[PDB]
Every structure is written in structure tokens, then in C-alpha cells.
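This document opens with one chain alone, in C-alpha cells, the form deposited in one PDB entry.
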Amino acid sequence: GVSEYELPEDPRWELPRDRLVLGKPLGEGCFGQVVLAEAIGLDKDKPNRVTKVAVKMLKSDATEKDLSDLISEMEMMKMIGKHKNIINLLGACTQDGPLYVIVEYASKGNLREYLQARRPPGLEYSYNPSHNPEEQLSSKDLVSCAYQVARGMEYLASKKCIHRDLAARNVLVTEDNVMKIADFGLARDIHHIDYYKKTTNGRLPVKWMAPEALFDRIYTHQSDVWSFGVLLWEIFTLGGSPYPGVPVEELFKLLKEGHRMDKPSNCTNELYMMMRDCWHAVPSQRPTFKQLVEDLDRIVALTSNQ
């Protein structure tokens, strides 16, 4: 029972449950549930204002370890602090019920789904799967997505945070088209990892791992930079799947032999070189997120929004 555990109450973050008006499901995961909610008076200055938020909670079959992870993720987000380009912590409910972790809500879904819905019916992209498509994104908008994500990672890096699974599905898009990085404070599994098991959404996270993380389970900022390269490829394929036609068992040998993904049809040479630099075999030779932010900042200014 949740009453049988000692939940860490933080007065600065604590919100009464009856201030939340729970709504539609936002998605699932390992053992966590996330719902949409309306928070009444999230800010003490405006107690009569409503704010759309996302609420994460434990499922019916959650164990003691799951609770420990959810708390761990919450306290981690506290320590890392706030940034525009990450999913921020807004509050928590630790009393009179199950643990609720309140975070920012992104209404336009993850980056893969966001981009796929805005795929032009053209030659250079796969088909738009959305039955209700949205307006095509400009070239500047695409580089802008990359910059924002890189900026968020640059911040997380400065807070000694290693994401270990940076991907398009782990980036969320707000109503104002702001890119926000998700799941950056997840507890690392203490057991060895299944290279072949899919996520609840059918994704193979193996395809984002750097070679050193893949072969020796070594995770650094440099390995995140590798992942950012794969994300860059995802953006300019508008939500494409990494290494098309390549099975996981063959991905081990291919990567070691120096094989990398081809440049997407709609992608500048300069942006592809950036992917390749991120995909450098030697971790120390990959660019830092600081350098990535500086380049992408320059490229955004020079990229046409026409």
C-alpha cells in the first residue's frame, strides 16, 4: 500500500489532489501511466487560473521498485532544474492517495508523430500516415527543431545528466511548437539489457545507442551526441525509422565496419556532415552539445523559411 511507504513531501512542490481535474490518457510505458489534467491554481499568485498539465502515476501492477523509480525520477528533475527545452517538473501529490508527479504538457505529441503528420505528399518523404494532416514545416523550422533539442541537451549536459536514450519519440512538442526533451531522469536499470525487446510503442532503442554503449554498455555525453545524430536523421526524414531494412543482429557488425546511414533526400551537405561527426567512431572526436548548439544557431539564421 502507498500508505505503507514514506513519500517525500516537498512543500514547494506539493499540490492537493482536489486541485487536479483528471482527463484523457496521454500514454503509458514500463509501469507508469500518464494522464492529462487541469490544475487549479498551480501558481500561488494566480489561484483562480487553470493550467493544462501532464500527470504521471503508477499502474495497477506497480511494485516497490516502480515507486522507487518514480520518486527517483521526480527528485532527479528537481535537482536538474528548469529549462525551456525539457519537460519540466511543475508539482507533485504525495499525500492522501497514490503518488502523482505533475509535469509540463505537450499537446502536439512526440517529435516523430509531429513530423509524420506534417509530411508533404511528395517524392522525398514516405507517406503521411495522419488522417488529419497539418501544415508542412519550412526548412528553417526543421533546423530549429534540431537547435532546440540540442539546446536542451546542452543544458542537461551542464547538469551532469546523461539521457542514454535520446530519440525523436523522447522529444515532445508543445502547443507553441516548443521542443521539450522527455525521460531524461530515468533510473538506469541495474540488470543487463535485452538488445532485442521493443518498447511499449514498438521501438527498438538499440538503434540509437552509440557503438561503445552497444558493445560495452558505456554511457557518456558523447554517446548522447551519437544519439542526437540519429535524431537529426529522424528530423530530416520527417519521422523516419533508423537503418531501414537492417535487423538488430546485423547492426552490430555493420556499425563496427564503419557503416552509417545515407543522407536523407531532403538534407543539406552541412547537416549531413553534422550527423557524420556525431556518428564518429571515437567518442572523443564527436562534437559536444555546446558546439552543436553554436553551429545549429548559425545554420538556423542562414536557412530559408520560404
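Note that residue numbering follows the sequence shown and begins at 1. So that the term is clear: the rigid core is the largest set of C-alpha atoms that superpose within 1.5 Å between two forms.
One more form of this protein should be noted, the form deposited in another entry, which is absent from this view; the next part is about it.
Visitor: Where does the C-alpha shift reach 2 Å or more between this form and the one not shown among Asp262, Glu28, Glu250, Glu270, given a fit on the rigid core?
Guide: The listed residue whose C-alpha shifts by at least 2 Å is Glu28.
Visitor: After superposition on the rigid core, does the Cα atom of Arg203 shift by at least 2 Å between this form and the one not shown?
Guide: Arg203 C-alpha, core-superposed: shift of 2 Å or more.
Visitor: How does the C-alpha distance between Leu22 and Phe31 change in the other entry compared with the present structure, closer or farther, given a change of 3 angstroms or more?
Guide: Closer is correct, given that in the other entry the C-alpha spacing of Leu22 to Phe31 is reduced by at least 3 Å.
Visitor: Note whether the distance between the C-alpha atoms of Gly29 and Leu214 decreases (closer) or increases (farther) in the other entry, against the displayed form; the change is 3 Å or more.
Guide: Farther apart, by at least 3 Å.
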